[PDB]
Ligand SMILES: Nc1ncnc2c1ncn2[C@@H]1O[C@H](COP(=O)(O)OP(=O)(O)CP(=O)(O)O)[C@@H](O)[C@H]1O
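Encoded as structure tokens, the following chain is the form solved without the named molecule, with no partner shown.
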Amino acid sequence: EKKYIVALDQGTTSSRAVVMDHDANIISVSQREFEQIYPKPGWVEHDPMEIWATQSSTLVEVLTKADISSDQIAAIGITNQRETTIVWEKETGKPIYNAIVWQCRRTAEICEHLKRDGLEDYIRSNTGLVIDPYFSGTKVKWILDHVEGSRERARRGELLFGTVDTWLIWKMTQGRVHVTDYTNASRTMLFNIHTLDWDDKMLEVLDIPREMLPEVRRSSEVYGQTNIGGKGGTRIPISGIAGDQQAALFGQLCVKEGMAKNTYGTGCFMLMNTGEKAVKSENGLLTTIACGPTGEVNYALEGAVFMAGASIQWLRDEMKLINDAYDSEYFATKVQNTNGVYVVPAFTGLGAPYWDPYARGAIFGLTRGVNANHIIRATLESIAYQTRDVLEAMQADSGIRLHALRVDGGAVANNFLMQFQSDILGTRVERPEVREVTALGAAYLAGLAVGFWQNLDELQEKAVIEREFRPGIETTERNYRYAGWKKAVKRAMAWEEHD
């Protein structure tokens, strides 16, 4: 029959495809890296086309390599990099511009007019968001103010707007379906999370043809089908969608209130489930939409960090300093400290809870006797520091201090990081065996919508902490070590020039 479920994981640097069974086991994984584009220092674009091709070709790769047929597939699950924005010709199916990645700082000016006009409170109250270039909203308008006759064609409904989810599905369903999810929508900055519907002022204000928005839907649900050839008569129902950090909250089973995870991908993402109730932050955090225990709408507090595993990949690729992302640890463990150095990975602004799109990355505390290692290690340490940073925003908004931090992601593998991570917070860190929880979540979500599993409790014992790390460092020390960060942090601030 249909014994398998597939999760497409559209990430910021690579596209992935995973394959599970009823037991919730990965049978297969494929992954293809795509290119980053920086046409101006501060900007990041992606080829929607390249987003497509990779995802597709990976989908195939996982099956084909497994000797798995279109028919054994119960359903498709879709997770994606949260905020990147594409817009294309409804006819051609052709994008009228590159995708603008969630990290681009190009709409800073625009954010500025928002600011000026006094939309902060509304936006904050209505969206859970903050005005930063981080969001879809500003980006849309841009491509719009950029492409010559675009607004017209847009109203005339000739142009389409989409998040990565929306783009994958549509290409997937030949153009048939044009939908999006709750989790996704909530990041667009054009969507009212109370109303649960678009937001007129917001559209208004941004000036964006309503004609172009997809349609929000539940996270767990059937939206279409796909024909990926095979035998004929076979169609695969696509029935699960979630902005990736949320999928990862779900995949961790943080379905109840006060439940939180840390995710270490390109960036770092921490989120707490705030239940049926939506908390407003005072600590530089974002209110957003997560998944109830049934795919139903829940609310979350979330703290976003622009640079986590990307920093490492900068060291490898750009800096050519490690010649294996795990070399990182190798190098970093070759020193007992950083010799006073600090790295500030504000490559794409600050973001949280600082929210400083003018901040650029930086190195501090340089002395003649500082070596690469010290730099590598500092770079690692920077991840941890950022975490503590949000982790604190949290307790402050919530009044709870985690007992242990549950994490996940690719970098979690780095035991140096994990340990350090523990040392700095003064908390226990628990590492599972499966750190691809994001794709689990999408699987999970999609499976539900079609029988696959019938309830969360099915999955309740699948997830297991492969490892728990505990702090082996002095408060005093921890504190101290945190003190310089903060100081470095501020110095990173406002580098960039806003006229």
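In case it trips you up, residue 1 is the first one in the sequence shown, and so on.
- Per the PDB record, of the two stretches 413-421 and 321-329, 321-329 carries the greater mean B-factor over its C-alpha atoms.
- A summary of the deposited B-factors shows that, of 291-299 and 111-119, the stretch with the larger mean C-alpha value is 291-299.
- The residue among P353, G251, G258, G243 whose C-alpha atom has the highest B-factor in the PDB entry is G258.
- Note on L380, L286, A75, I228: the highest value goes to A75, judged by CA B factor as recorded.
- Among the modelled residues of its chain, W142 has a C-alpha B-factor that falls in the middle third, as given in the PDB entry.
- Among all modelled residues in its chain, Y38 ranks in the lowest third by Cα B-factor.
- Split the chain's modelled residues into thirds by C-alpha temperature factor. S69 is in the highest one.
- Split the chain's modelled residues into thirds by C-alpha temperature factor. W102 is in the highest one.
- In this PDB entry, the Cα temperature factor of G451 sits in the top third of its chain's modelled residues, the highest group.
What follows is about the form solved in complex with the named molecule, which we do not show.
- The binding site of this unliganded chain is blocked: after the named molecule is superimposed from its pose in the deposited bound form, three or more of its atoms come within 2.4 Å of the backbone or C-beta atoms.
- Remark: of stretches 113-121, 162-170, 323-331, 248-256, the one touching the named molecule in the deposited bound form is 323-331 (heavy atom within 4.5 Å).
- Among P293, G275, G410, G284, the residue placing a heavy atom within 4.5 Å of the named molecule in the deposited bound form is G410.
- A single residue from the set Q419, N339, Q313, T226 has any heavy atom within 4.5 angstroms of the named molecule in the deposited bound form; that residue is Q313.
- Although the partner is absent from this view, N98 stays clear of the named molecule in the deposited bound form, with no non-hydrogen atom inside 4.5 angstroms.
- Though the partner is left out of this view, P353 does not reach within 4.5 Å of the named molecule in the deposited bound form, counting heavy atoms only.
- With a 4.5 Å cutoff on heavy atoms, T107 does not count as touching the named molecule in the deposited bound form; it lies far away.
- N262 falls outside the set of residues with a heavy atom inside 4.5 Å of the named molecule in the deposited bound form.
- In the deposited bound form, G11, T12, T13, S14 are the residues of 1-37 with at least one heavy atom within 4.5 Å of the named molecule, listed from first to last.
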